[PDB]
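Worksheet: the structure to be examined is printed underneath.
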Amino acid sequence: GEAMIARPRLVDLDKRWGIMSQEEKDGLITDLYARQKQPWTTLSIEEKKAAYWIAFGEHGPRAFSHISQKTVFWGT
Amino acid sequence: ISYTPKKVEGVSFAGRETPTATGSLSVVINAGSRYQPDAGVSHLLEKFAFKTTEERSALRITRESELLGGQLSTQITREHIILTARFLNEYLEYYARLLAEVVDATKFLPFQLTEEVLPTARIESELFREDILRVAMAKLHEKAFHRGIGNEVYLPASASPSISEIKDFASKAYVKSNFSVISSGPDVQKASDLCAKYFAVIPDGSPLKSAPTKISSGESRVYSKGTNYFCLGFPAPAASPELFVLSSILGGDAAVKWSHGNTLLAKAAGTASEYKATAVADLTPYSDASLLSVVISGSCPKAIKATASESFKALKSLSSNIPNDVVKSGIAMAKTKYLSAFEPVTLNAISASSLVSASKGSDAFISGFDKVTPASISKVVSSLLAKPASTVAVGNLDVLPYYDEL
Amino acid sequence: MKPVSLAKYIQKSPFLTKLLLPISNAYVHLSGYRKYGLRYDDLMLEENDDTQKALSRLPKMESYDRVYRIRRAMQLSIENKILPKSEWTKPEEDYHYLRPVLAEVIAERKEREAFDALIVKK
Amino acid sequence: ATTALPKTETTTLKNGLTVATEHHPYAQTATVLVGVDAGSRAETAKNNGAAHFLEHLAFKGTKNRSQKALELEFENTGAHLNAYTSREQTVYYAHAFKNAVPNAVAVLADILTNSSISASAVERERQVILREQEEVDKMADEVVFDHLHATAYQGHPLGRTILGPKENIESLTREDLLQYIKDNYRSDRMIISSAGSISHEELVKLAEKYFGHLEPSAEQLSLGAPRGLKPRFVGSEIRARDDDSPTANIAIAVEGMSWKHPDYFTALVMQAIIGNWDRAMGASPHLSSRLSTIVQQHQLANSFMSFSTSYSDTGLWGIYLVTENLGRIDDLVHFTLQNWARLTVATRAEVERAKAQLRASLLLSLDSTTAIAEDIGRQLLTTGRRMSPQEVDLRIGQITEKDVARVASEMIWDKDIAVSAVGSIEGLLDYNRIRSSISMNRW
Ligand SMILES: [Zn+2]
């Protein structure tokens with residue numbers, strides 16, 4: 001992983017992530033894993049955003065359900 | 001990029017492979033205005049396409065096509081009748097079946113003719129008649145070629161063929177030996193198999209017979225108050241690369257968006273009328289004829305006359321000694337202009353004309369561009385200016401010139 | 001809504017038709033629309049869209065003949081009299097000439113109505 | 001063989017330029033596009049209309065090559081050049097024979113990197129700009145849509161014409177154009193795409209050879225991000241009455257949706273539901289849209305089309321009617337708005353038909369190298385990426401009738417509308433009577 005990853009590949013990740021198939025997910029994870037080897041100064045802001053969203057994001061395990069409290073109040 | 005003809009089960013085929021998700025299927029039929037028995041028969045016969053067949057009504061056809069997500073389009077030209085169908089690649093079998101059913105069995109109900117077919121043809125005829133340039137080019141064709149391709153295409157305002165004439169013309173025109181099937185989807189073998197399977201029960205008739213084209217000349221004058229027009233027409237035999245290179249040499253438009261150009265016609269207009277009358281040249285190749293036309297358009301009649309005179313002088317001087325660089329640039333432009341007409345899926349004059357004649361087609365026709373010499377172009381030009389040309393004038397007739405005063 | 005008739009279920013069984021032929025003969029004689037020189041299909045109501053469209057798809061000869069027959073019948077009805085027994089509508093000429101066109105129009109309308117209401121049952 | 005569907009490669013350079021090429025193996029023509037994310041919206045009230053002036057310019061020779069030498073470069077090699085300016089982006093493209101692409105790319109890079117904007121050129125082009133502005137006015141559709149834009153987003157820079165006022169055109173100077181070029185032509189907001197014979201590696205090499213000097217912008221913003229404040233929809237009407245015209249062009253629109261809005265394809269599906277019509281259509285009677293049925297049955301109008309023009313943070317969603325049956329315009333408008341409002345109880349079959357039609361139409365349009373290049377450029381300039389057909393199919397398929405009903409009740413139900421009329425529009429009623437048809441009282 002030496003060449004910079006194209007911006008149109010790491011833009012609006014949250015909307016696309018659910019629809020995006022498994023193979024693209026593994027490819028992106030592997031590419032970012034190979035990328036983070038270099039010193040982080042040379043990296044762009046969007047790469048950092050994508051990396052953080054991949055690691056400490058909302059998808060995957062920590063995707064909890066949200067309950068509308070107003071609905072509970074009105075039902076009561 | 002090139003159609004490779006075959007013949008399966010006695011059916012003409014022309015396949016093409018492209019990396020796209022959408023295919024097509026067109027049936028080019030030799031039933032144009034050249035072969036019509038009376039005025040307006042071909043147009044009405046074309047309009048009857050995709051009407052009530054022997055298996056499904058027109059409403060069912062339209063609703064099924066709408067549900068499947070496809071576009072059904074027809075096209076009438078001076079020497080063909082074309083029925084197309086663009087679709088996603090899933091419904092290729094269904095669309096082939098529909099086209100085969102439409103061509104083979106299509107009952108002609110007189111009330112359908114009196115209800116839907118006739119008003120649509122009349123509306124199209126009025127829409128064509130409203131335009132001025134198309135009428136001028138049609139009159140140029142009428143004056144150039146006496147009959148055959150010199151016949152009017154669209155329905156005249158004072159004609160109304162009976163249903164029996166259309167029915168018998170369709171009976172003696174829709175036969176296996178008088179059309180071809182053209183497909184340009186992402187697969188050719190499957191399309192060929194389906195076309196051979198479904199376009200197989202149509203009877204083995206006989207090809208329609210027409211006389212060789214007869215070439216003459218004449219001038220027509222009409223009056224108008226708006227933009228003035230003046231057209232020159234040089235009839236010629238079947239198209240050759242020399243004619244294409246000559247047409248690209250004449251040019252007329254601009255290579256870049258906002259400029260005047262540097263071809264012969266642009267220089268003539270600039271030197272004559274200070275770019276107050278645009279001159280444009282074009283070529284229309286037919287099966288056994290071609291028409292190289294020059295169109296001079298503008299608002300000032302005097303500028304039109306001066307531009308016409310200067311353009312004719314330049315065309316006459318083009319036969320003396322053509323510099324090599326001019327021929328090189330003309331060939332370079334003509335290659336691109338000819339090749340660009342094959343990308344669109346819908347057929348035009350160039351692609352249909354190439355596909356009709358299997359002797360050359362497009363495989364060797366393009367290869368012959370790079371073997372054109374200034375002597376060949378000079379010979380072609382000198383042969384064109386032997387017989388008199390033909391003119392059509394629209395606008396104030398007191399200033400627009402006749403052919404004897406160019 | 002529309003005229004109704006059990007004119008096919010009886011045709012299914014030949015015995016019923018053979019039994020009911022004389023009664024139908026007597027009834028048609030008693031109706032007396034043939035005494036005015038008319039045909040049965042002339043009397044059918046024409047005020048909806050279907051029959052109005054159908055009447056515009058007849059051959060011109062049929063329309064002209066129907067117009068003349070109706071006008072002559074009304075002229076006779078003016079003076080309360082009938083034609084002599086020679087100029088009565090013979091059975092051979094009293095055929096159904098409007099029903100097929102109306103059937104075609106109704107079939108077209110029913111096909112459009114069917115397409116109108118659809119559903120997706122996965 | 002079955003072949004395949006080529007994929008759109010994407011590569012970026014050090015500066016930030018993005019390259020996206022679709023390569024056809026067997027082809028003889030190629031198209032190259034270079035787009036800039038700066039339309040006429042970035043112009044202020046003083047220097048309005050500079051983008052169109054730049055578009056007309058920048059073809060008059062750079063410092064290295066003068067005019068009448070650039071054209072000879074684009075004629076003796078068999079090429080074409082073109083450019084058009086929208087309200088948010090500018091596009092330059094040039095397609096030629098497969099063996100004359102690198103020279104055209106080099107010429108385009110020379111044109112965009114530096115130009116010799118001279119006072120004499122501006123003085124010469126002033127008159128041609130004035131003539132273009134005068135000649136554009138004749139067309140009815142352009143005037144109707146310009147008036148609709150002006151009356152919808154009034155006050156905002158998005159509500160001005162692209163060409164600009166006459167005073168703006170005549171008073172423009174060299175410094176304004178130079179400043180616009182300096183502060184809006186940055187490598188972060190540029191793009192270069194292709195579709196045809198050329199390959200990805202060749203175009204990347206060409207871009208590195210030539211487009212390697214464009215300095216990035218001061219702020220590191222994204223592509224297609226909103227700039228300025230969100231415009232406010234202001235429902236109003238404009239009546240440019242003229243009794244000489246034998247027709248009556250009318251356009252009605254409501255608040256639209258942006259590129260990134262999470263219901264975009266639902267709005268597209270609704271537009272497909274409404275559909276288009278024309279009296280010259282071969283199968284006009286048999287179309288399966290109720291509005292077409294009524295209009296054709298009663299001969300109410302000549303034709304009508306539906307549009308869903310969208311922008312960075314707003315958009316429009318309406319219809320465009322042309323008619324000559326004067327005196328029955330009110331019935332046409334009433335039935336159009338009734339069919340609009342009915343969409344809150346839409347049935348499954350209509351939604352399925354609209355989905356199929358939209359899926360077919362989104363792919364049947366691309367049939368040439370120029371069209372594919374334009375589509376790729378626009379998708380990259382407005383969104384940031386080009387959606388593969390799999391993603392588009394998945395997004396469209398998820399849409400159901402309940403989503404359509406929700407969106408219609410949210411935006412199509414009783415709400416402010418924007419009207420624009422040109423011609424013999426006397427038969428058109430007031431604003432309140434027009435608006436009253438947007439909601440049905442029998443529910
Ligand atoms: Zn302009």
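Chain labels follow the order of the structure tokens: the first chain is A, the next B, and so on; residue numbering restarts at 1 in every chain, and ligands are counted from 1 in their shown order.
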Ligand 1: which residues are within 7 Å, counting only C-alpha atoms and all ligand atoms? Reply as a PyMOL selection string.
chain D and resi 52+56+129+132
Should the cut-off be 9 Å, what would the residue list for chain C against chain D look like, counting only C-alpha atoms, as a PyMOL selection string?
chain C and resi 112+115-120
Rows by chain and residue number, chain B within 6 Å of chain D, shortest pair, only C-alpha atoms, as a tab-separated table:
residue	atom	partner	partner_atom	distance
B:19	CA	D:5	CA	5.5
B:59	CA	D:286	CA	5.5
B:67	CA	D:353	CA	5.3
B:69	CA	D:357	CA	4.7
B:187	CA	D:2	CA	5.5
B:255	CA	D:80	CA	5.0
B:256	CA	D:81	CA	4.4
B:257	CA	D:82	CA	5.1
B:329	CA	D:76	CA	4.4
B:332	CA	D:78	CA	4.9
B:333	CA	D:78	CA	4.1
B:336	CA	D:97	CA	5.4
B:343	CA	D:368	CA	5.8
B:344	CA	D:367	CA	5.8
Residues from the last selection, N, CA and C atoms, saved as an mmCIF file, in the first residue's frame:
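part_31.cif, freshly written:
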data_model
loop_
_atom_site.group_PDB
_atom_site.id
_atom_site.type_symbol
_atom_site.label_atom_id
_atom_site.label_comp_id
_atom_site.auth_asym_id
_atom_site.auth_seq_id
_atom_site.Cartn_x
_atom_site.Cartn_y
_atom_site.Cartn_z
ATOM 1 N N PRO B 19 -19.948 -3.984 -25.118
ATOM 2 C CA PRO B 19 -19.984 -4.211 -23.659
ATOM 3 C C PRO B 19 -20.966 -3.280 -22.953
ATOM 4 N N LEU B 59 -53.384 -2.155 -27.474
ATOM 5 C CA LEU B 59 -53.364 -1.784 -26.064
ATOM 6 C C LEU B 59 -52.538 -2.774 -25.252
ATOM 7 N N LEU B 67 -44.754 -2.175 -19.086
ATOM 8 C CA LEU B 67 -44.445 -2.938 -17.881
ATOM 9 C C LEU B 67 -43.036 -3.513 -17.930
ATOM 10 N N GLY B 69 -40.465 -2.250 -19.472
ATOM 11 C CA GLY B 69 -39.442 -1.224 -19.508
ATOM 12 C C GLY B 69 -38.664 -1.210 -20.807
ATOM 13 N N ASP B 187 -24.364 -10.004 -26.795
ATOM 14 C CA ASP B 187 -24.211 -11.386 -27.228
ATOM 15 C C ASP B 187 -24.804 -11.511 -28.622
ATOM 16 N N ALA B 255 -14.657 23.538 -36.199
ATOM 17 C CA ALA B 255 -14.135 22.444 -35.386
ATOM 18 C C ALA B 255 -14.261 22.759 -33.900
ATOM 19 N N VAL B 256 -13.845 23.954 -33.494
ATOM 20 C CA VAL B 256 -14.026 24.400 -32.122
ATOM 21 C C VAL B 256 -15.330 25.184 -32.033
ATOM 22 N N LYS B 257 -15.812 25.372 -30.803
ATOM 23 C CA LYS B 257 -17.183 25.831 -30.598
ATOM 24 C C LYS B 257 -17.414 27.214 -31.200
ATOM 25 N N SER B 329 -5.542 17.121 -44.182
ATOM 26 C CA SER B 329 -6.508 17.580 -43.188
ATOM 27 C C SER B 329 -7.909 17.071 -43.505
ATOM 28 N N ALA B 332 -8.108 13.451 -42.502
ATOM 29 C CA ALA B 332 -8.131 13.322 -41.048
ATOM 30 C C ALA B 332 -9.506 13.660 -40.485
ATOM 31 N N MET B 333 -10.146 14.703 -41.015
ATOM 32 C CA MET B 333 -11.476 15.066 -40.531
ATOM 33 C C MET B 333 -12.532 14.071 -41.002
ATOM 34 N N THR B 336 -12.818 10.752 -38.902
ATOM 35 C CA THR B 336 -13.573 10.932 -37.666
ATOM 36 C C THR B 336 -15.059 11.117 -37.946
ATOM 37 N N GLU B 343 -21.374 4.853 -33.703
ATOM 38 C CA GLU B 343 -21.589 4.709 -32.265
ATOM 39 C C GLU B 343 -23.065 4.660 -31.883
ATOM 40 N N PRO B 344 -23.937 5.553 -32.362
ATOM 41 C CA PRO B 344 -25.355 5.448 -31.990
ATOM 42 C C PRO B 344 -25.955 4.130 -32.451
#
For chain B, which residues have at least one atom within 9 Å of chain C, if we go by only C-alpha atoms? Write them as a list in words, please.
residues 57, 59, 60, 63, 110 and 111 of chain B
Chain D contacts on chain A, only C-alpha atoms, 9 Å, as an MDAnalysis selection string:
chainID A and resid 4:9 11:12 15:16 19:20 45
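The list of residues with at least one atom within 7 Å of residue 73 in chain B, based on only C-alpha atoms and without residues fewer than 5 positions apart in the same chain, reads residues 83, 84 and 85 of chain B.
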I'd like the contact shell of residue 312 in chain D - 12 Å cut-off, only C-alpha atoms, skipping same-chain residues fewer than 2 positions apart - returned as a VMD selection string.
chain D and resid 37 39 41 87 to 89 158 223 to 231 256 to 261 309 to 310 314 to 316 381 to 384
Range 388-405 of chain B surroundings by only C-alpha atoms, 12 Å radius, close-in-sequence under 4 positions cut, as a PyMOL selection string:
chain B and resi 132-145+215-236+291-310+312-313+383-384
Neighbours of residue 107 in chain D within 10 Å (only C-alpha atoms; same-chain residues fewer than 2 positions away dropped), as an MDAnalysis selection string?
chainID D and resid 62 65 70 73:74 94 101:105 109:113 210
